[PDB]
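>>> so I've got this experimental structure, pasted below with the sequence.
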There are 4 protein chains.
Amino acid sequence: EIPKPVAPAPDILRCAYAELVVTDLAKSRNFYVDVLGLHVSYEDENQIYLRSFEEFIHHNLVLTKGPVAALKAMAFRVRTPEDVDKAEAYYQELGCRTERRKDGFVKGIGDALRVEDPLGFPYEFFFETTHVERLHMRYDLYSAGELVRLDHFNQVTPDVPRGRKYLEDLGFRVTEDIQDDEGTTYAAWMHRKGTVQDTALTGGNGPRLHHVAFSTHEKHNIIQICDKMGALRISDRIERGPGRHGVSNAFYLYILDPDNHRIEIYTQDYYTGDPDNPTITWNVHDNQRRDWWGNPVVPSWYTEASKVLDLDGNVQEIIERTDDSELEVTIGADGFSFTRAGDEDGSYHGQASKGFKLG
Amino acid sequence: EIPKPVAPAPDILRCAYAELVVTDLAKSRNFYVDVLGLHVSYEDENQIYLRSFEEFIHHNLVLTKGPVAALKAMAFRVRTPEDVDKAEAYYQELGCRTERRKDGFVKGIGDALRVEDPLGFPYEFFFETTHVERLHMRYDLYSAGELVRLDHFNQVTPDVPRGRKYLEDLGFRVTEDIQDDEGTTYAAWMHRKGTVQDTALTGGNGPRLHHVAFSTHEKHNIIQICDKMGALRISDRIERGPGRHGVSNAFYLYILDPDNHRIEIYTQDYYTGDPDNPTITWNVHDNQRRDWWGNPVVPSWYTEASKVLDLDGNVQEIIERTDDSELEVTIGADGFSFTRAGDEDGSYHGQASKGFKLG
Amino acid sequence: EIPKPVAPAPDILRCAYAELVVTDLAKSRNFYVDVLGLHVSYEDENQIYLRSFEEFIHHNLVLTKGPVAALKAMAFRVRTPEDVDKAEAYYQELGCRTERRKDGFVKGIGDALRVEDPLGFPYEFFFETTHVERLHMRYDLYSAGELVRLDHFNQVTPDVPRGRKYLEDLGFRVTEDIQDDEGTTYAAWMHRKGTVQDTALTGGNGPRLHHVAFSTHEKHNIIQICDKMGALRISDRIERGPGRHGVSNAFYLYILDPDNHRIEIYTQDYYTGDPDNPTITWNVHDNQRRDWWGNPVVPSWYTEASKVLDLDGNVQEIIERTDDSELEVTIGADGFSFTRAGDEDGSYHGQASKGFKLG
Amino acid sequence: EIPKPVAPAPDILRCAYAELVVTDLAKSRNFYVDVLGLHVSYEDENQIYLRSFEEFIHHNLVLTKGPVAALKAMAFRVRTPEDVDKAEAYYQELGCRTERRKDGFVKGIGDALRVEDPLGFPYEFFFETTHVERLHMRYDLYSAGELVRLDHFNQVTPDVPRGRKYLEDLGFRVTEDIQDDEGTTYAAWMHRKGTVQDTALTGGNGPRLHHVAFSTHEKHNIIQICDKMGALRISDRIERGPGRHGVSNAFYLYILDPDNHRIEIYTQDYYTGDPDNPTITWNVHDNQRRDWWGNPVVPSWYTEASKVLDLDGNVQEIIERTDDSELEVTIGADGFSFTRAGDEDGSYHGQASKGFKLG
Ligand SMILES: [Ca+2]
Ligand SMILES: [Cl-]
Ligand SMILES: [Cl-]
Ligand SMILES: [Cl-]
Ligand SMILES: [Cl-]
Ligand SMILES: [Fe+2]
Ligand SMILES: [Fe+2]
Ligand SMILES: [Fe+2]
Ligand SMILES: [Fe+2]
């Protein structure tokens, strides 16, 4: 268990950006700029800094050339400069490795703290950032698939309750989760900014980064991303979807960048800012929990995720999940799922929905 | 080969309605009226007559109670009264059984001809029909999932080229087809009204009715049907989709009625009314041909379809397809599909796309 | 009265393209290509040939540099080469000037007939056209405002019944019209291809070209055009809309090109292809007939329209309308409109709706 | 000036509900339930309690039968029970009349404080509320025009800077405003929940309630409300729109209920939750500030608004604005607006845009 520090948690506003290590910067640029239409805040031969349509901070995504594709940092903005000091004292009390840079780790960020957190993830906390032109009314630039906000991160970790408790002490509030009747937790979603999630935990071998999620305005914008990928003959890089989520109620799509980093496109979840916001727990065997329409969850969604780096830039050792596997209990040979709880009609045993088994 | 008659083909306007035999009229009403929102033109203890939002003829769908669920008639409207006589002479020349009723077979249709066509399907030709209130601006009635038009039928038949030639002689023009490089045709689409299809042929054991398709205005209307089916906890009745088709370029969904009759929801195909409209041939191994995003085609889509009746009300005998199976050559154990022609990367050998095998 | 020829009418398929004379080819290119996203089939120093997303014929719009901005030709495609001969015989019997060129008047059109028609309009009829890449699945090119089809023309002419009879003899079928209770006709809509219109007549001084209309897939595509024009700070070139039409039921927008040629953007009218398609007549004083939401029709919509050329390239003389003016009887100082017939509440006397008078 | 209390401000979460007095409860029910599709949380012969699709608190709107149509209370939810005490001490220090009811003023609200605030408005502050079924995934109940959240209030007050400072002291942060070069403020928008606004100030005679605003998911949902009002032949109750706002960037519509209370329908503004969220100031003469497409602002929008009640149920005296009138300076006889600053082309002098003058 991870103890609650005496020191106050930093006041976290929201997820703000991710730094991803990529192996071929030009191929990654093609994906994020030419395919997905993100906006360049800065670039050179080593890095590309990208932002969404409605953003005013310097960036939502930094692509950094390196030898091994991995998550380098997932960054949260905090409310005040003093909250960076609070973050440092908090993670020091947790016994975590920290590194403080008064002029930032990446361009367009000022005083910043990076930590190897108790779950092995590289978190950054910062307040100071260079403001840029907010493009929210630049409809002369608007793409049919425009990505308008950074919405959330999702992390793979082996013990979800342990991670959940730690994030709760850090001020995140749980909105939704997936459990079974004999007390296993498979996933949890948690927020600071008044949407369903700023980060989320997926049970599995970790630390690994499951995905980074961007929003669109409308569902048709997500459809267009799929259509464009078909036209570019890269439909093999559409991993899963499009769909409606059960958990979060958002319309969604998962796609894979050139290094296999997973990107979710997302829209139209609900407001969670009231302190008594009702939590929702789904049963793991409910075949509408992940895709509301009952479409099968592609197996790579459960098995594949990105490496994460420590503060020296080396890959973090993976620790194996010992709790039950969501894949195995739902779509594996001994798994099952239901459409209506207790009804054999519309249930699936030893395979996925819609007539498929695992390949 | 089916010969071209000397007698002139009737001038067919469009698909107009289907008559489906259903086993439980109330259960069927719940699906088509309460779930899908079709508009009742007439009903009694034996039949329900339904129409789409923009229709002015009496109905697009007749549900008739009977002992064995089946297609009873797929009806095409012809341009003039005299075209019903032309239809009769044409099919008599073809050696087909015909039945003429001056006051119709169903309510709201006048003089009508039903035939057992050379592929064993029950076709109706009529001109006369009772006009009803066209609901096209009745936005006080408009559903978030509103079905606005009848679009097409799709027929399963064992020998696609044989059927195609017959339909071309009858005046349908082929818009798209699926073939391989070994001379096999797997499917064809053909039209009279200015859209991709009024009917279509899917290779398989037949005669069977694959589906009846209705249009929506927009893609979000199809999304809503999925969402509603999730809320009603009948997502098991979503067979396949939603998706973007390769062939037709339409956004689509396939759902199953209480008797397992398959309904497609469809929008935003293209204009085909010019007589030299370019005919598009897709390769059967192209994994973007059916779902442009590369999502796998559910196996029941290839195997399951509705019985059809002869003019005596008895089920037509099924003739087995001897040409290659689209399922087998694409997603079966010796199948193959590609994302990019000539690229091993993004190809699938002996399984479906997105990580699945046949259940 | 324009007499009905003995000679048969050519079988007209659809509206196909317009040739507009523009004064500054680069400024016009910026509007049609950069702002509106139409696709270039061919260009040089004198002409730009443009097509919509789903078109396979060579072009839908030819911009020709010249001294006076005007319609040079409105072109309809006919069913067969022999229909060009029929068109020549038909217009010769009407006593109209004709000009036939076996190799066309513009690039990408073959054997073509241009005529000075009985209403003074430069019509072209052609069958032969160079096929080009149909861009209907080129979602890598798809704009958030994508124009997908050419839909119709709209002509200003002083005597609507006279023009209507002539177009009916030519094979166009009236779908909707606007009249009053004193026997005046203000406008009529008429089709060949099975949508509400291929051309339309607006009562007014003429011959003048009121607009050319292009379709989008969805309503949000029309909204985007507005949004983009706001971002480009050219909202002054949004003339009227966006709205829902009463007549046609289509979602719409009117914008102005650099020479003040009016372009409509249009979507989601209804099917008219049955020969007994019900006609709809609106009263001119019904304030939902042009904008279903009751928004006022901007006065320039009634007063402004483009010059048209004769076959020698000179502007056609304008003949004044003597029938009552739709502007005057609805929104002028002695005008009237209603929301509900017979109800003083929601009616407008001597002013437009929503609190406005004419500027 | 309204001095800042030494007592701490209550921690306000968001706008939560309005209580409107209506004169004919059944007619009001028709509008809000049958036309707009709001969901009933409770009703009797005197009151109707309504909520939006995604709400979990008891209601977002209370309709109360009474003799004079008016705003009875605009309610904000506070973070904790203790914040109701804080509100009481805060307004007592300001010298305002307050009333505390430990069991609430309306059903489904617990301990609540109502105040006659320094601008004459009846504010309520509460924490405790009865949770109800959150309908966010009840797609079986979803309307084509579904209202999904309560978004904001908008208040008419004569001195915008005076009101702005008072609301800033209360914790609201300004996101956008409208000013001129002479230093007049015409309007300001301010938030607690991390959208553009929870309440807003429009310069004018007050206190009056300008509107209550509900969100939709998508722009097409707003279009449907218009279309439905057309079909119900109540387009005269569409006051203004639909449009895109400049200020807020939201897609919008204004409609009028049976007592002329104005309701805005709204979607797709941007995130404001960072503490240094950039504040946007628009010039009053910018014709894209209110409608981004330059459509004219209906004069009733500037002149008409609802009465508000004091705590005895009597109408508050209305104080006239002495600062310049936005109507007069933009669309009145001595007003002007521009499309591009400094360009006479696309400017309007002594009249509105798009060819209209004041009726
Ligand atoms: Ca082969
Ligand atoms: Cl999921
Ligand atoms: Cl398909
Ligand atoms: Cl109009
Ligand atoms: Cl506004
Ligand atoms: Fe996610
Ligand atoms: Fe189909
Ligand atoms: Fe038009
Ligand atoms: Fe507002």
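Alright, I've got the coordinates. Numbers count the residues shown, from 1 in each chain, chains lettered A, B, ... in the order given. Ligands and ions are numbered 1, 2, ... in the order given.

>>> tell me where the stretch 151-300 of chain A has helices.
For the stretch 151-300 of chain A, applying DSSP state H, counting those that start in this stretch gives helices covering A:160-169, A:219-231, A:299-303.

>>> now, of those helices, which is deepest in the fold?
Of these, the one with the most neighbours on average (mean count of other CB atoms under 10 Å in any protein chain shown) is helix A:219-231, at a mean of 24. The C-beta positions use only the backbone N, C-alpha and C, and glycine is treated the same way.

>>> would you put the C-alpha positions of that one in CSV?
Taking Å, rounded to 0.1, in the frame of the first residue of the first chain, the C-alpha atoms of helix A:219-231 are listed here in CSV:
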residue,chain,number,x,y,z
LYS,A,219,-19.1,12.1,-33.7
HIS,A,220,-18.7,12.7,-37.5
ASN,A,221,-15.2,14.1,-36.9
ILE,A,222,-14.2,10.7,-35.5
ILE,A,223,-15.9,8.9,-38.5
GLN,A,224,-13.8,11.1,-40.8
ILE,A,225,-10.5,10.0,-39.2
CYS,A,226,-11.5,6.4,-40.1
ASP,A,227,-12.5,7.4,-43.6
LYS,A,228,-9.2,9.2,-44.2
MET,A,229,-7.2,6.3,-42.9
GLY,A,230,-9.1,4.1,-45.4
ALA,A,231,-8.3,6.5,-48.2
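
>>> quick one: check it for contact with chain B.
Yes: part of helix A:219-231 sits close enough to chain B to count as contact by CB under 8 Å from any CB of the partner chain, namely A:219-220, A:223, A:226-227, A:229-230.

>>> ligand 6 contacts on the stretch 251-359 of chain A?
By the criterion of CB under 5 Å from the ion, the positions of the stretch 251-359 of chain A lying close to ligand 6 are residue A:264.

>>> circling back: now distance to residue C:313 too, for the residues of helix A:219-231 next to chain B, in a markdown table please.
Conversion of those to a markdown table gives the following (distance: CB to CB, whole Å):
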| residue | distance to residue C:313 |
| --- | --- |
| A:219 | 50 |
| A:220 | 44 |
| A:223 | 46 |
| A:226 | 49 |
| A:227 | 43 |
| A:229 | 48 |
| A:230 | 46 |
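
>>> need those in JSON lines (columns: distance to ligand 1).
Rendered in JSON lines, the data for the residues of helix A:219-231 next to chain B read as follows (distance: CB to the ion, whole Å):
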{"residue": "A:219", "distance to ligand 1": "38"}
{"residue": "A:220", "distance to ligand 1": "37"}
{"residue": "A:223", "distance to ligand 1": "32"}
{"residue": "A:226", "distance to ligand 1": "28"}
{"residue": "A:227", "distance to ligand 1": "28"}
{"residue": "A:229", "distance to ligand 1": "26"}
{"residue": "A:230", "distance to ligand 1": "23"}
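
>>> tell me the one of these nearest residue B:151?
Distance to residue B:151 across the residues of helix A:219-231 next to chain B (CB to CB) is lowest for residue A:223, with 19.3 Å.

>>> isn't that closest one up against residue B:251?
Yes: Residue A:223 sits in contact with residue B:251 when judged by CB atoms under 8 Å, with a separation of 7.3 Å.

>>> which neighbours do these two have in common?
In the contact map built from CB atoms under 8 Å, 6 or more residues apart in numbering or on different chains, the residues linked to both residue A:223 and residue B:251 are B:219, B:244.

>>> distance of residue A:31 from residue A:261?
Spatial separation of residue A:31 from residue A:261 under the definition CB to CB, to the nearest Å is 9 Å.

>>> with residue A:296 instead?
With distances taken as CB to CB, residue A:296 is found 23 Å from residue A:261.

>>> so which of residue A:31 and residue A:261 has more stuff around it?
Set side by side, residue A:31 and residue A:261 give different neighbour counts by other CB atoms under 10 Å in any protein chain shown, the larger being at residue A:261 (26 against 21).

>>> quick check, residue A:177 in contact with residue A:196.
No: taking CB under 8 Å as the definition, residue A:177 is not a contact partner of residue A:196, at 11.4 Å.

>>> what residues are shared contacts of those two?
Taking CB under 8 Å, 6+ apart as the contact rule, residue A:177 and residue A:196 both touch A:189, A:247.

>>> so which of these two has more stuff around it?
For residue A:177 against residue A:196, the residue with the higher neighbour count under other CB under 10 Å is residue A:196, and the figures read 25 against 21.

>>> close enough to count as contact, that one and residue A:246?
No: contact criterion CB under 8 Å: residue A:196 and residue A:246 do not qualify, at 11.6 Å.

>>> measure residue A:213 to chain D for me?
Noted for residue A:213: a distance of 14 Å to chain D, by CB to the nearest CB, to the nearest Å.
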